[PDB]
Amino acid sequence: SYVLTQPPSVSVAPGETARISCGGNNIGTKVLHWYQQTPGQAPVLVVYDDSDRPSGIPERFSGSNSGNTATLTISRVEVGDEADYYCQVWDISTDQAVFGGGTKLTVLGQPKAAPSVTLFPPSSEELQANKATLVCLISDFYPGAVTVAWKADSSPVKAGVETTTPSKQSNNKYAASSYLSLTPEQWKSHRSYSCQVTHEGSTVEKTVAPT
Amino acid sequence: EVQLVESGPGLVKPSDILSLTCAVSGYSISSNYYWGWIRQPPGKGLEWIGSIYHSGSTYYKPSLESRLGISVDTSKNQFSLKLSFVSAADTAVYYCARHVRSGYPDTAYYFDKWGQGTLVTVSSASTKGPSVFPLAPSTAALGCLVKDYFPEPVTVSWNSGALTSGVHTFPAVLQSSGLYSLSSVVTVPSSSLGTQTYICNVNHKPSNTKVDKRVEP
């Protein structure tokens, strides 16, 4: 099948011009189309027929195609343009649509933001049901990675910990959550439990205790 | 003005048939265009599946052709997908999309109108509704823990949708057990705790679970 090659990632400063390449053998002989996809939503057509824009798409988005490489060009890049961009062709030799693997656009210069951490103890209701879950909710951080450590009193605990990947909040900051599953006996036998969130070298710790 | 909406089961057992339907609004399939399906496995790229014209003529992705059927019902303005012998590799968000034929000479199609997508999980595990527990406030953060459900997704609102500002519903964790849990938290004025009632409304369509849990201080 025909192959379209895109770089996995492109970074650009705000207000500058982002260029996203899409390589293919003699791709210049085919018409190429492009999609923008924001985390959690359906893709949106931004360019079709190499260089044309659907109504409603800003003139900042332009396309070109010649030789063995096509390019989506985004002028005066805004933080709001962060998304995954896909190129696409129709392969006449095999009657199928082919997509590139996608390029994630990052806009540089976004300020570091420390996480907000909220930690909840097991509910009375859950304890009544002979179970216990500590819930550590982590939000508003940038860049989008944290590591989470839990402690029972001062002892690190890894068993029973489940942590999500980071997710984009659309304010372009990130969120994640971590859960610690305990027995009611474990909950009762310690003075406190702590969720410790490390972000860019700085640790934010929150603690809860049986009340 | 043209809209597309996918529907069908969110859970299919391995080796069974995955079926979806796309309802079109704002344009008659009988008039024009190809109509087709694109999917996206969690965390991966887009993959085209196939398309159909009102005459019944189809294009199928060659790698899937042996397992694929696409049908069209112009009388109901809908078209459908059937993918047989599924495995976990077929867990994905499935989109329907209008396929526009380019005005250029060589055959070319692009996708100008898309549905919102629907998740289908392929798994042998049974549907399970969540247990919902209140996360009591000590402004104040309060919430609901939506524990141990399968499959995705779950929706959460607050006060039947009357409360929206300050709401943060977090993406679910997938546990080693194969079940999911998520939490939804809302930040509210500390001042309002004695006077305002707070209820999270949890909906898990796959198990027909509807829970309203009041969260008390």
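Cβ: placed from backbone, ideal geometry, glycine included. Neighbour counts: every protein chain shown. Every number in this text was worked out from the coordinates using simple rules, so none of it is lab data.
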Within 10 Å of each residue's Cβ, count the other Cβ atoms and sort B:111, A:61, B:85 from fewest upward.
-> B:85, A:61, B:111
Once you have the alpha carbon radius of gyration of chain B, what is it after dividing by 2.2 N^0.38 Å, with N set to its residue count?
-> 1.24
Above 17 angstrom, tally the Cα pairs of the stretch A:110-211 and express them as a % of all pairs, no decimals.
-> 50
Charge context of residue B:11, other residues only, Cβ under 13 angstrom, K/R +1, D/E -1 = 0
Reciprocal mean inverse distance between Cα atoms of the protein assembly as shown - Kirkwood radius, Å = 23.9
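Please give the average number of partner chain Cβ atoms lying within 10 Å of the Cβ of each residue in B:168-179, rounded to a whole number.
Average neighbour count from other chains, rounded to a whole number: 4.
Taking the DSSP beta bridges in chain B as the whole, what percent of them are antiparallel, to the nearest 5? All intermediate terms of the calculation are to be shown ahead of the outcome.
On the way: 70 of 72 bridges.
Antiparallel bridges make up about 95 percent of those DSSP assigns within chain B.
What list do you get for B:54, A:33, A:199 if you sort them by fewest beta carbons within 10 Å? Present the calculation step by step, with values, prior to reporting the outcome.
Values: B:54 17, A:33 28, A:199 21.
With the sparsest Cβ surroundings first, the list reads B:54, A:199, A:33.
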Within the set B:44/B:113; A:168/B:44; A:158/B:210; B:147/B:210, which residue pairs have Cα atoms separated by over 24 Å?
-> A:158/B:210
Residues of the stretch A:4-44 with amide N under 12 Å of the 7 Å Cα→Cβ point at residue A:57 = A:32-37, A:44
Among A:126, A:205, rank each residue by its count of other Cβ atoms within 10 Å, from fewest to most, as a rough exposure measure.
-> A:205, A:126
Could you check the simple spin-label distance between residue A:26 and residue B:212, using points 7 Å along Cα→Cβ, in nm with one decimal?
-> 6.6
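Taking 0.36 nm per residue of sequence separation and subtracting the Cα-Cα distance, how much length would be gained by fully extending the chain between residue A:66 and residue A:190, in nm to one decimal?
Roughly 37.9 nm would be gained on extension.
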For peptide A:9-18, the mean count of other chain Cβ atoms within 10 Å per residue Cβ is 0
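Across peptide A:120-130, how many C-beta atoms of other chains are within 10 Å of each residue C-beta, on average?
The mean count of partner-chain Cβ atoms within 10 Å per residue comes to 4.
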Where the centroid of each part is defined by its Cα atoms, how far is the stretch A:1-45 from the stretch B:109-184 in Å?
-> 31
